[PDB]
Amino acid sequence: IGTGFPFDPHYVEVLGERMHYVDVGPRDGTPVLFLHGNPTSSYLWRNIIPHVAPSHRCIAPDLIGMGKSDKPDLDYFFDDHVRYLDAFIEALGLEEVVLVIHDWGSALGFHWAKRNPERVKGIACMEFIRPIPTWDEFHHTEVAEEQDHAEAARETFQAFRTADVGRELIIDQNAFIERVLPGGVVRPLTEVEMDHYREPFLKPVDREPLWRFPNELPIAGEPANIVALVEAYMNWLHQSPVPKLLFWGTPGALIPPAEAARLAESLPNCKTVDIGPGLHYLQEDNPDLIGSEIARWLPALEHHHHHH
């Protein structure tokens, strides 16, 4: 699996700050917008984009306070991210797009789509965020062998959301980067890959977005604004005719194989793709199948639409 990041560095001004993004692919192509989550960057998509770029424009921003984007004095709430990515999209003059999304990138992407449904020609998603009404639903599974792992996951994120303790882990010990990220890849990440992921967060104080994110997860009614927002987009998604492509792995994390199977029915016009062994950061386990299946699925999205 490729460890390099060979893309031209692009930057654009957004709400006064700079945001870094990948922009490859023919300039005249329907754009495909790749949205990473916690605690990743555009690096997450490095081995997926080359499958899509021969035919389409590939745009992959680093969220504010992450990757090579600027680091304003914010608390990095989800709404902060909403503001910057909304302005990013308009700053590139994008009209209609295809979304490719993960984790908090999926919350952002789905929220954007629901508010801008006529501008989304398709959604490729994987290990995405859903309402979590109870902790038992978090990493829920009915596969006996996976139960111990699932309860460990609960404990982990309960701690992240525990006052002072959470900050200790994520801010002082860099747990999201040194433990959660490699912990959510089946194959071993290399030093080179880890170093790419560590680069934006060498200073602990810069780790704030990595702590706020788990504290923004819509679990057991809190935080209420996010619970509402996530319920809204999921209702939207369940009712939308927009073409969907869903990647999943075994045993998965947020999305277990059994639910992936259900989403194949509960989500209209949904093709599913088993990437084989996977945990949360599926992109690092089978980037080639994710990029090739996205590429195979993009042409038909032009149907019923036109550029002229």
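Residues carry their position along the shown sequence, with the first being 1.
Higher mean CA temperature factor, per the PDB entry, when comparing 214-222 with 174-182: 214-222. Look at the C-alpha B-factors of 118-126 and of 135-143. On average they run higher in 135-143. Highest C-alpha temperature factor among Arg187, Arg167, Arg207, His81 per the entry: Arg167. Set against one another, the Cα B-factors of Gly276, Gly67, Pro257, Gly37 in the record reach their highest point at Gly276. The PDB entry assigns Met234 a C-alpha temperature factor belonging to the middle third of its chain's modelled residues. Among the modelled residues of its chain, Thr272 has a C-alpha B-factor that falls in the middle third according to the deposited record. When the modelled residues of the chain are ordered by C-alpha B-factor, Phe160 sits in the highest third. Placement of the Cα temperature factor of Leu202 within the chain: middle third of the modelled residues, per the deposited record. Per-chain ranking of the deposited C-alpha B factor places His111 in the lowest third.
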